[PDB]
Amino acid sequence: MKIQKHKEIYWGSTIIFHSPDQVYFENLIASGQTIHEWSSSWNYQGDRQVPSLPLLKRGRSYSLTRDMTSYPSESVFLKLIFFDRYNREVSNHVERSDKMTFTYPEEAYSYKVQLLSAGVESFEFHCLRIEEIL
């Protein structure tokens, strides 16, 4: 195998896959609802929905970055949820912008990031980026 290294997080139903690194979308999704979700964990053992997001360190601080453009401009939001070991929520941050900095809480066992929605007509999506900051 060649494995195809990259440190970016890709996408993985008008959802059109014009490339691994670019995805088209047309609205179907209520304002406030979820357009997509990434998780650092399996929802249940059998699940064919495999984790996408890397393991994080507690107390440390990171930068979550969208690389996408939404046709009705500032329409797609970016929610970030931290869950504990019992699957109960811990905390949630939403960001209108395309960059966000959070500090990974010390109760957090896993995390998910969702793309939420304002009135979104269409978007082109490239990726997410997480790197450690200070």
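Heads up: residue numbers just count along the shown sequence, starting at 1.
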Size class of the missing deposited segment between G12 and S13: 10 or more
Gap size, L53 back to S52 (deposited sequence, no coordinates): none
Mean Cα B-factor comparison, 35 to 43 or 81 to 89, giving the higher one as deposited: 35 to 43
Higher-B stretch (mean Cα B-factor, as the entry records it), 112 to 120 or 16 to 24: 16 to 24
Chain thirds of CA B-factor: placement of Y104: lowest
Chain-wide C-alpha B factor ranking for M1, given as lowest, middle or highest third: highest
Ranked C-alpha temperature factor of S75 among modelled chain residues, by third: highest
Chain third (lowest, middle, highest) by recorded CA B-factor, residue given as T69: highest
